[PDB]
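Presented as structure tokens, the chain that follows is alone, the form deposited in one PDB entry.
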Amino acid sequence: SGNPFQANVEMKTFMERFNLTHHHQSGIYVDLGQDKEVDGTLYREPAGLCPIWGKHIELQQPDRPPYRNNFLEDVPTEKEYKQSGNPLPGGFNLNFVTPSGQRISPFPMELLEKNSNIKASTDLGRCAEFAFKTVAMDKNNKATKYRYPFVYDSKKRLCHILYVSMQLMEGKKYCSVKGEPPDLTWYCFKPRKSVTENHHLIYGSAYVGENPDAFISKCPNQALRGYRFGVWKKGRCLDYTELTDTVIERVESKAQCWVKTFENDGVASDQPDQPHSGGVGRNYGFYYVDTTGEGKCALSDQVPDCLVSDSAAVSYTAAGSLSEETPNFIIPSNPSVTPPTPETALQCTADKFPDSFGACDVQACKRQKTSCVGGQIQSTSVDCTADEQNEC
């Protein structure tokens, strides 16, 4: 014990944002965590409480008009479907309108940020809240508790409600790839994160809108620069590369690792059988440079409870963004309610923060070293004393 990343309330609060099992509580790759009854029938419903940065649904429609291969396109009318022929054209976007003909989706952020029914402190929160305050009506025109997921486009500042809650469909038995086989209604599609594309798209269930300010402090929205995720054992912080169940893969770039934390086969998924991952899975990872200078990605399902300092490393989660920097569309205007930055949470001053060494871990013959450098907490493992090395 003596984990400096659990030493106090603030620190714990900071480290708890990385526990997706606790805060997100649902699938990430595919989120279908809840079940809701509509007109006597049960349906699966996305339920995750954290926004998923960069997540989009890649479609596999034919590369000809009228197909656009863009899940933010309106869902097709029966007429359009008849006109195109198989597979379904269009996308996942809700195309419903008011009696006067006003779209509910996409919905401009300017109309939300000064509205009465919207109390969220950030644009993303406002989109989420907009989604949460949208429910399906049943046959008797009574309100259900079935809600639709959303996508916030932060570049265009547009909030999308998705009529389609499906996130993955594969297999020639169920769907076609570029129109093959032509007998099938559905095109194949899957969740993706891209090294370059669609970083501005944020996917979420409606329920991140239930408490639309929470995600700001309870979710790991941004990548963590200069540290490796680790687990605290035998008096020291073991970064994932020291654990046996950890998956280590070669990468050309840190973005690839960021993508891998979301796309690897062990990530929390509710895809079929109706599994509820509850947010458990290989959701955590980091990019690091090995001793030879090659880029590596370490992936783990162990919830991090400590950090190992490494300036070239970057720690990612399946839920978070590639970028380390906090964008303005999740910063409240009131400074007094913003959460501590990583720099603040991990701050120290050398004259108040002593260099310390932990007891020797004889199994690895290493010990914790915790110190203050550049006004930030350094956490590493170093050699045991010459005296201690006899016990190794």
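We call the rigid core the largest set of C-alpha positions that still match within 1.5 Å between the two forms. Residue numbers run from 1 along the displayed sequence.
Does the chain run continuously from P272 to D273, or are deposited residues unmodelled in between? Answer none, 1 to 3, 4 to 9, or 10 or more.
Unresolved stretch here: 4 to 9 residues.
Taking only the CA atoms, which stretch has the higher mean B-factor in the record, 92 to 100 or 310 to 318?
Averaging CA B-factors over each stretch, the winner is 92 to 100.
Which has the higher mean CA temperature factor in the PDB entry, 166 to 174 or 103 to 111?
Of 166 to 174 and 103 to 111, the stretch with the higher C-alpha B-factor average is 166 to 174.
C-alpha B-factor winner, where the candidates are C297, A136, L72, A206:
Answer, based on the entry's C-alpha B-factors: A136.
So if I compare the CA B-factors in the entry for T185, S116, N264, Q83, which one is the largest?
Answer, based on the entry's C-alpha B-factors: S116.
Split into thirds by Cα B-factor across the chain's modelled residues, where does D290 land: lowest, middle or highest?
Answer is highest: the recorded C-alpha B-factor places it there.
Within this chain's modelled residues, let me know which third the CA B factor of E197 belongs to: lowest, middle or highest.
CA B-factor rank for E197: highest third.
If you rank every modelled residue in this chain by C-alpha B factor, which third holds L243: lowest, middle or highest?
Answer is highest: the recorded C-alpha B-factor places it there.
Comparing against every modelled residue in the chain, figure out the third that the C-alpha B-factor of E210 lands in (lowest, middle or highest).
For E210, the deposited C-alpha B-factor lands in the middle third.
Third of chain Cα B-factors occupied by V362:
Highest third of the chain for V362's C-alpha B-factor.
Same protein, other form: the form deposited in another entry, not shown, and the subject of what follows.
Among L158, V177, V289, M137, whose C-alpha is off by 2 Å or more between this form and the one not shown on a rigid-core fit?
None of the others reach 2 Å, which leaves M137.
By the 2 angstroms cut-off, has the C-alpha of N334 moved between this form and the one not shown once the rigid core is superposed?
After core superposition, the C-alpha of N334 moves 2 Å or more between this form and the one not shown.
Looking in that other deposited form, are the Cα atoms of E73 and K139 closer together or farther apart than here, the change being 3 Å or more?
Relative to this form, closer in that other deposited form.
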